[PDB]
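Student: let me see the structure of the following:
(4 chains, ligands or ions: 6)
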Amino acid sequence: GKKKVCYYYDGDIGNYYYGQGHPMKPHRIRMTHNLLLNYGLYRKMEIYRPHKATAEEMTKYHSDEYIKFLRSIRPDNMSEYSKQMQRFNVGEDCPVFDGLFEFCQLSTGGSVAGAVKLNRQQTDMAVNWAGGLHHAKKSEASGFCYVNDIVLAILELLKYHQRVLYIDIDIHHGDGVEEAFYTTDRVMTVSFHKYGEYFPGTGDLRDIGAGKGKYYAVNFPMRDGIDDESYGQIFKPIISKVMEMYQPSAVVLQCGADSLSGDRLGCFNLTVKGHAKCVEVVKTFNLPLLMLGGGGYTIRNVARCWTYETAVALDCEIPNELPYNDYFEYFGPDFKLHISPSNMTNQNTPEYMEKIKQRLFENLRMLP
Amino acid sequence: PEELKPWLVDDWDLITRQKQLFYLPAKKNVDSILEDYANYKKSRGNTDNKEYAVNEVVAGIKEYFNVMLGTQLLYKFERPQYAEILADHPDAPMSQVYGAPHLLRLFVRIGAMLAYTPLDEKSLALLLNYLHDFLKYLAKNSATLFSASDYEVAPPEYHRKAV
Amino acid sequence: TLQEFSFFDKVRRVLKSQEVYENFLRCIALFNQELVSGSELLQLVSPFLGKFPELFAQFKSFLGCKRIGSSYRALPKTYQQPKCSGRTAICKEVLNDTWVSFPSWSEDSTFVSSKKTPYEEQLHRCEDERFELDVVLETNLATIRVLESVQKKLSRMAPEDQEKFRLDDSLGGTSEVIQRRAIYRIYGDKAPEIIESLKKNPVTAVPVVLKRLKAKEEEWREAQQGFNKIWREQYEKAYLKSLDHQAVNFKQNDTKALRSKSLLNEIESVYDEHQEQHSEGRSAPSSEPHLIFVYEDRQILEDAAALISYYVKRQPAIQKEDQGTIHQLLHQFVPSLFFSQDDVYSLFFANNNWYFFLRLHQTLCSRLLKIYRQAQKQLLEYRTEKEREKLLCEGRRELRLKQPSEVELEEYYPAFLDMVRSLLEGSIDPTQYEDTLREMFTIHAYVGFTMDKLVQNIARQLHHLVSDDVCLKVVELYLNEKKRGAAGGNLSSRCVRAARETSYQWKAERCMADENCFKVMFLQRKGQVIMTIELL
Amino acid sequence: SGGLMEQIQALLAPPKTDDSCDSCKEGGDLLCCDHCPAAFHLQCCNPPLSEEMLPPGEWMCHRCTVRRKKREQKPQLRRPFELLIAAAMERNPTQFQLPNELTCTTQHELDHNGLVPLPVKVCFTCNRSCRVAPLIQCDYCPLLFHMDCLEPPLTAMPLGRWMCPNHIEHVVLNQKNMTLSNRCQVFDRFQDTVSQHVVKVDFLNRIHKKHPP
Ligand SMILES: [Ca+2]
Ligand SMILES: [Ca+2]
Ligand SMILES: [Zn+2]
Ligand SMILES: [Zn+2]
Ligand SMILES: [Zn+2]
Ligand SMILES: [Zn+2]
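Tutor: Numbering: from 1, shown residues only, chains lettered A, B, ... in the order given. Ligands and ions are numbered 1, 2, ... in the order given. Below you will find the coordinate block:
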């Protein structure tokens, strides 16, 4: 039934500028919130201001030298840090801009506050579309992500939860998150990702874990042009069995929206209804839940997807017609909530699906 | 004229194919290994008066490991290593720290590189003989000394630093 | 014993290759070297014999720094791990400290022309053009709001302390850089003296910057109105064309795949495939067809035949008696083959040309079938969309464009027929033809651009079919054989009429021997009819 | 090609106020000598050229330096070792190159117009041709395998030399701790040994016996 939920929005998260031509474009959250507000969803959901995460919270996972570099770096002093900038993968791929440390502060603070409230059992579901940056490593910035917020959220949740599930539905592989919990039995990293000459170039079938956490890390490589019903038929069984055998207490979802049709850097072909199918599937199991952001580069589609899955979290349905908003002219020329998929060829042929699914099932049967 | 070379294939694979670097201060620095060779070979002949040439050629191996290192001995993945060595302990013995496997590369090069210096017949003959028995002692105890198990790897930071 | 020799001969026969047999003997010799255990010996044998269950069972009865994964590899044992001050018991006991992976690629790589249409890069460019205005304007508006709030605050206490009021680095806001960024953008190089000014004496500096920002944001909003008007007329010219990723390729691939040589090679490949399998001696009966196709409507057959008649009736190159021949053929005999005039089958031994035309006919039927299903599906989704949207409380459960009415959506299909007919006349240029087709049938319309070429090719096949004596010979042989009752009939009576069918086969061989002969079979089930064709 | 970028950026402008290295034969950041077209990497110099070291102005190569300076100027092994040290000083920092004696040593596709080639060669697991899916031919044996026919199936094209799963060397590649050279010698031990039919068959019926002798 209907249950209480929390949303953390800091109105400034949209104001930061990654640089000209940078596909990481933080405006997306602001249009997401405006669309929610003009859908009349705020009457049933509580919106909160995230406290900026202290550097002491960040050093719980990251190296102190990395955090010192992040806090001390500015666009105006590029000369005085070039050695460290090369040393820390900050440059063309992950660039320095104004208030980057503030942006990372807010991103991690939202999800860590959600985790604190979740641990306290004050709600069973919280949303933070600013966070979910998963490509950040222990001491380096990669994949447009600087401070790996999800790992800090999970470390906070573990204080009261024995087992927790991390689900990645981004087109990329959650390399940092899995590498963090590569060798532990307290977390599973289920990642569905496109493989093959694609960033970050990790995430095979057999990257199945290590040490005590062996068999506790499942990956699903895919090919171009995965579609809606294929994703649906592959998601529900794998998830149902994973949370039958593991029986976790909390779940964390990274709703990477770069898996949608027509993305700037994606190859998948999912629709918004197909994307929200996953959130309905995971919620139906009735466990405390955390939803985070991440990728998504075709900005209008990102807004549409996040808005719809949020509305699904409230168990609320919304008219396919988009109500008026300050950024209405972005959704031309149809101005509709749901998007129609493209028609490129699906390389994920059914027997490939069956074989990968069977291997995953066999690998999961080994869990005690 | 080198023997039991396939160790060079392993060195090549671990350095520039497996992307697995070598320990900077691993053990048994090259000058130390040369001193060990000098000590061991001194107890071979009953009366090696020719120690005056034995030590001289061992020290010649030292001096040739002094300047030649870095120019045409390391691989493209090894530029950051040599840069860090030169920027961290320059006043320290540069013919030190670097372990044995880099030594064999010097002799592998010198066998063709000698072809531009016209030495006299007897001197080149003696040098050929000393290369030969140096390398046969190396082949004798290579398993004891050469070890590819302790070969660390390069995180992506070193990858950026290299190329 | 000779069982082993038979096993080796049959493994040589089923492997077709000497080198792989070398690999297999390598495996067994390695096992004989005692370096391989029986279970291991079988785990190396299985790749060889994983698809012949009988041989695998026979062989089984006969016998009676580290690195893991693909990207994870070790840190040095004597490596100075980066110290962390927030490490609790969980931080030590759960976190990885030995294994590392490497990002093999970089994002925003060479993907511009990898799989994207030329009409999508335009939309991406307009998206960026819109975003940069959105961000600069919204930063300016946020700064205006923040300084408005601070001014509303400042206008409320006694004047003797207003000169004592100061502003911090944040400019009174929550963010240290957002306001300063905005002022820098507004003022160019002269910004920081003004920043010092509003930090030092806010009371005399807030109104003047407020006024300048107000004028600037109104100017940018008007420019935004003009830019947004220009931005339209562009999403309309790209959205539907961006959703279609196959049309440009599909035109060429279908115009190349419909040549007669391609249609021949498609079945010769299957023939050689089954020949190689038969040489292998694998478990497969020697009666299974080569190509199976299906028609699931008769009205669609009438529609296709009507179309072909409509083209041929307006040709100059074929005379009136041949028009009558074509009409008789298409509208009487082809339905006769399909039994339009269960477990009932019809046989037909045909030459090269008959295979060509009748495969093209199957393709035309399949295209029209996909079109019909998509139209019906659109109608259903639109009806259920009204049904769902009419009863909707929106948030209570705690310009634009006019969509076509249901009448138009139902009228879509006959209109599409009129359109393709018109294209056959050629009075309608294919450009707005494909525009109209796409605008109706969305992403599924990619299949129907080249219908005119297919129809004209089928017409050439028909003209040649009437002109060539071998075809007419074939057809009247079929006629008298059906008169005898030999050709086609009940599935039960197959064993009864196999003899006369075999004689028909013999006649077909002696009639068309210097050319490739085809067998075609039409079996009817639950209203659908399944093509089966095979070579001889 | 009407781009909107220039106009929009000018409208938001702040006011302001008024091919390969000659040494390693590889690309990257290169400095080209102004007397000879040869170029060198920043780490292809004796000593290496760091970022802060480059002088303001023209750059000269080491070989051009030697030529310019020569034009301007116009049983003890101690002497051989001095000769060697002088030669090593003269040498250029190109690379260390392995001897060639150790480092050294189409039909299954649609036609140009697009067509199945004849005669056909088929996937080993299904005896089906290239029409259904692209065919991957092993670089060691002329076996063609599909994408989805292996176990486990591949997701993406193997860009390098693929290793077919019928070959035996997989049991040698299972080890994760042994050196490359041992693996290579084990591979080459089967790369020449052929035509041993009688011995292997004999061993097979030898092991076949239920009762050991
Ligand atoms: Ca993923
Ligand atoms: Ca784990
Ligand atoms: Zn170079
Ligand atoms: Zn020069
Ligand atoms: Zn196959
Ligand atoms: Zn092979």
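Student: surely residue A:125 is in contact with residue A:3?
Tutor: Yes: at 6.6 Å, residue A:125 counts as touching residue A:3 under the criterion of C-beta atoms under 8 Å. From N, CA and C alone the C-beta is placed, and that goes for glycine too.
Student: mind listing what residue 124 touches?
Tutor: Answering for chain A, as no chain was given. A:3-5, A:118, A:287-289 (C-beta atoms under 8 Å, 6 or more residues apart in numbering or on different chains).
Student: try chain D instead
Tutor: D:143-145, D:149, D:166.
Student: distance of it relative to residue C:271?
Tutor: Noted for residue D:124: a distance of 20 Å to residue C:271, by C-beta to C-beta, to the nearest Å.
Student: higher neighbour count, residue A:125 and residue A:3?
Tutor: Shown here are residue A:125 and residue A:3; by other C-beta atoms under 10 Å in any protein chain shown, residue A:125 has more neighbours (21 against 14).
Student: hey, what's the more buried one bridged with?
Tutor: Beta-bridge partners recorded for residue A:125 (DSSP bridges): residue A:289.
Student: look up how far ligand 6 lies from it.
Tutor: Using C-beta to the ion, to the nearest Å, residue A:125 is found at 53 Å from ligand 6.
Student: same for the longest helix along chain A, what does it pack against?
Tutor: Of all the segments of type helix in chain A, defined by DSSP state H, the longest one is helix A:100-119. Here helix A:100-119 touches strand A:6-8, helix A:55-58, helix A:64-72, strand A:125-128, helix A:149-157, strand A:289-292, going by 3 or more C-beta pairs under 8 Å, 6 or more residues apart in numbering or on different chains; DSSP states H and E.
Student: which SS class is residue 134?
Tutor: Defaulting to chain A. Assigned by DSSP: H, G, I helix; E, B strand; the rest coil, the conformation of residue A:134 is coil.
Student: right idea, wrong chain: chain D
Tutor: Here residue D:134 is recorded as coil under three-state DSSP.
Student: just the helices in chain B please.
Tutor: Under DSSP H, chain B gives helices at B:6-12, B:30-42, B:51-67, B:79-88, B:101-113, B:121-140, B:142-145, B:156-162.
Student: residue C:45 against residue C:57, yeah?
Tutor: No: between residue C:45 and residue C:57 there is no contact under C-beta under 8 Å: 11.9 Å.
Student: those two: which has the busier surroundings?
Tutor: Taking neighbours as other C-beta under 10 Å, residue C:45 and residue C:57 compare with residue C:45 leading, 20 against 11.
Student: what's the spacing between the more buried one and residue C:32?
Tutor: For residue C:45, the distance to residue C:32 (C-beta to C-beta) stands at 13 Å.
Student: helix A:64-72 and the longest helix of chain A, what's the angle between them?
Tutor: Angle of helix A:100-119 versus helix A:64-72, following axes from the mean of the first three to the mean of the last three C-alpha atoms, to 10 degrees, is 120 degrees.
Student: okay, now whatever residue of chain B ends up closest to ligand 6: neighbour count?
Tutor: Using C-beta to the ion, the closest approach of chain B to ligand 6 is made by residue B:17 at 21.6 Å. Using other C-beta under 10 Å, the number of residues around residue B:17 comes to 13.
Student: ok now do it, which residues does it touch?
Tutor: Applying C-beta under 8 Å, 6+ apart to residue B:17 gives the contacts residue D:180.
Student: domain-wise, how is chain D divided?
Tutor: Split into domains by automatic domain parsing, chain D comes to D:19-105, D:126-193.
Student: closest to chain A out of those?
Tutor: Closest to chain A of the domains of chain D is domain D:126-193 (C-beta to the nearest C-beta; 2.5 Å).
Student: now residue A:292. Nearest residue, chain neighbours left out?
Tutor: The shortest distance from residue A:292 to any non-neighbouring residue, by C-beta to C-beta, 6 or more residues apart in numbering or on different chains, is to residue A:132 (3.0 Å).
Student: who wins for neighbours among the contacts of residue D:124?
Tutor: residue D:166 (23 neighbours).
Student: right, and the secondary structure at it would be what?
Tutor: Residue D:166 ends up coil, using three-state DSSP.
Student: measure residue D:34 to ligand 5 for me?
Tutor: 60 Å.
Student: OK, contacts around that residue?
Tutor: Shown in contact with residue D:34 (C-beta under 8 Å, 6+ apart): D:58-60.
Student: nearest to residue A:154, of these?
Tutor: Proximity of the contacts of residue D:34 to residue A:154 was ranked by C-beta to C-beta; the top entry is residue D:59 with 52.7 Å.
Student: which stretch of helix or strand covers the nearest residue to that closest one once chain neighbours are set aside?
Tutor: Among residues not flanking residue D:59 along the chain, residue D:31 sits closest, at 5.2 Å (C-beta to C-beta, 6+ apart). Per DSSP states H and E: residue D:31 is located in strand D:30-32.
Student: which residues of chain D fall in strands?
Tutor: For chain D, applying DSSP state E gives strands covering D:30-32, D:39-41, D:136-137, D:144-145.
Student: now distance to ligand 4 too, for those, in CSV please.
Tutor: What follows is these, written out as CSV (distance: least, C-beta to the ion, whole Å):
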stretch, distance to ligand 4
strand D:30-32, 9
strand D:39-41, 9
strand D:136-137, 47
strand D:144-145, 52
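Student: overlap of the contact sets of residue C:45 and residue C:32?
Tutor: Common neighbours of residue C:45 and residue C:32, using C-beta under 8 Å, 6+ apart, do not exist here.
Student: spatially central, which residue of chain A would that be?
Tutor: Per C-alpha atoms, centre = their mean, the C-alpha nearest to the average position across chain A is that of residue A:254, at 2.7 Å.
Student: residues contacting it?
Tutor: Residue A:254 neighbours (C-beta under 8 Å, 6+ apart): A:132, A:134, A:150, A:166-170, A:174, A:292-294.
Student: for residue D:202, give its distance to residue C:34.
Tutor: In this structure, residue D:202 lies at 15 Å from residue C:34, with C-beta to C-beta as the measure.
Student: for residue C:117, same thing?
Tutor: Separation of residue C:117 from residue C:34 (C-beta to C-beta): 61 Å.
Student: in terms of neighbours, single out the busier of those two.
Tutor: Neighbour count, other C-beta under 10 Å: between residue C:117 and residue C:34, residue C:117 has more, with 21 against 8.
Student: pretty sure the more buried one contacts residue C:239?
Tutor: No: using C-beta under 8 Å, residue C:117 is not in contact with residue C:239, being 11.4 Å away.
Student: quick one: contacts for residue A:335?
Tutor: Each residue near residue A:335 by C-beta under 8 Å, 6+ apart is listed here: A:321-322, A:328, C:400-401.
Student: for the residue of chain D found nearest chain C, which non-adjacent residue is spatially closest?
Tutor: Per C-beta to the nearest C-beta, residue D:15 is where chain D lies closest to chain C, at 3.6 Å. Counting by C-beta to C-beta, 6+ apart, residue C:188 is the residue found nearest to residue D:15 once chain neighbours are left out, at 3.6 Å.
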